[PDB]
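Some notes on the structure that comes next.
Derivation of every value follows stated rules applied to the coordinates shown; laboratory data play no part. Because the Cβ atoms are built from the backbone with ideal geometry, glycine has one as well, and the counts that use them run over all protein chains shown.
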Amino acid sequence: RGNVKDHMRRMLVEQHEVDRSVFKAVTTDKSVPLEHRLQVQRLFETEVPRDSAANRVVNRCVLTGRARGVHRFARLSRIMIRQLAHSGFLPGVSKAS
RNA sequence: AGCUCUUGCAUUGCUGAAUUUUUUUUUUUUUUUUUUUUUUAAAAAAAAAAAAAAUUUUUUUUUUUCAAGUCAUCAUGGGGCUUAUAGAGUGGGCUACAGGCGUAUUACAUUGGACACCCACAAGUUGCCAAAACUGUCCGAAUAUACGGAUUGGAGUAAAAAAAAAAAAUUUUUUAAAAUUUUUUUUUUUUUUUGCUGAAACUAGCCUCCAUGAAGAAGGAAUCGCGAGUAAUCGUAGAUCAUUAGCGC
RNA sequence: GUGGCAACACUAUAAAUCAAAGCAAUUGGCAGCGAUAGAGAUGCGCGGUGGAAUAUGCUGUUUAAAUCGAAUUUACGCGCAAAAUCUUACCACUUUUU
């Protein structure tokens, strides 16, 4: 399915690098500025791409277009993990016990 | 070229079910004797005897049938679509709520609740951490109990540690007593504390603390599951995950 | 036609159709036919459900959409090992390219 559209979202997290967003987040998590955090947070999460915060990423699979049931254990999805596992074309993951 | 459009009765793949049990009876090594093939030699073959035994924390693994399920896993046959069955953007909805059903959890207490304890011993030191309980103490009036913890409002708050100087022998009762030899000033100072995480938590997260405290006093007909470290009970840690699993796995 | 008191007892062919009707040993499905083995297979126990509330899934109702499949056993803590936007395919609106 649409694995690449998420890669575009990941690229927007990094083209408009998260550092710029998080540094503005630093000044809104500081209570030292008495106010203007409302002004800083008023824009700067709206001029900043709303599709670049780190929650819109949904961590899809890479083999296929799986969007549900993924694994970071070996960057694959369950049915493929089983297919590669029985094939053994994977780093030594055997049937258990 | 693209479909998340159809067709699982066109399909590959993968799985469901119970067919719940069978997966040890079989070889190999050695000995003795002997014979089959090749211009100084190995295997081979045959009669008998003895031993080695059969993978993993103990389940996986081997299994027959349902046009069983899935075209939204991808794939792909056929058909359909291409100003829309194609892509974006913003916000919903995928979680709504007479009824009814399935699966779980929590109780309806005293074999218990609470609170403390030592903060009891684990799976789990490989390139330290619990709970039930044991010991102590409070509670047993149909109280709906100090059981239970559903719904609903409301609010997001305390400190503890100790250092240096000046002074020093002060605070509190009755009509006779009491606490300090540290009282009152300045400078200090840590460690926690901040509601959390996210851009945004009303619906619709979660946390903490108040308050309101529901049913429920063990459940018919009916029925399911399981005979040893098993049921039940008790935590624990892993996944996906910004956080959300309390009950799911 | 013969016998009888008869029920009828004989003797006795065909017309007409069909392409098999049959037979014996089996090999399988039945048992409302027995002997031997095995399963909490029961009657033997424990704990559940169904009673209450919450969670959670499904139908049904409505809504603009409540996206779509799973459908008796083996569907209903199922695809979802997680939906606040995104995931998301559904709707309202505004655009885009063939």
- Note on the structure: Dipole check, the range A:7-96, charges on Cβ (K,R +1; D,E -1), about Cα centroid: among A:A74, A:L90, A:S21 the Cα furthest to the positive pole belongs to A:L90
- Extending each Cα 7 Å along its Cβ direction at A:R42 and A:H7, get the distance between those two points in nm, one decimal. 4.1 nm
- Taking a crude spin-label model, label points 7 Å out from Cα along the C-beta direction, the A:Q15 to A:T64 distance in nm is 3.0 nm
- Query: Expressed as an acute angle from 0 to 90° and rounded to the nearest 10, what is the orientation of the C-alpha long axis of helix A:3-15 relative to the principal long axis of chain A?
  - Reply: 40 degrees
- Using the Cβ atoms and a cut-off under 12 Å, what net charge is assigned to the surroundings of A:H7, where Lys and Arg are +1 and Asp and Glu are -1? +2
- Query: Toward the positive end of the charge dipole of chain A, about the Cα centre and with charges on Cβ (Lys, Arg +1; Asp, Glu -1), which of A:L12, A:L63, A:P49 goes farthest?
  - Reply: A:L63
- Task: Starting with the fewest neighbours, write out A:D19, A:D6 ranked by other beta-carbon atoms found within 10 Å of each beta-carbon.
- Result: A:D19, A:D6
- Message: Just to confirm the number: angle between the C-alpha axis of helix A:18-29 and the first principal axis of chain A, 0 to 90 degrees, nearest 10?
- Response: 50 degrees
- Query: Relative to the Cα centre, what is the charge dipole magnitude of chain A, using +1 at the beta carbon of each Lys and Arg, -1 at the beta carbon of each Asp and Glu, and rounding to the nearest 20 debye?
  - Reply: 680 debye
- When the convex hull of the Cα atoms of the range A:1-49 is projected onto a plane and the area is averaged over all directions, what value comes out in nm²? 3.8 nm²
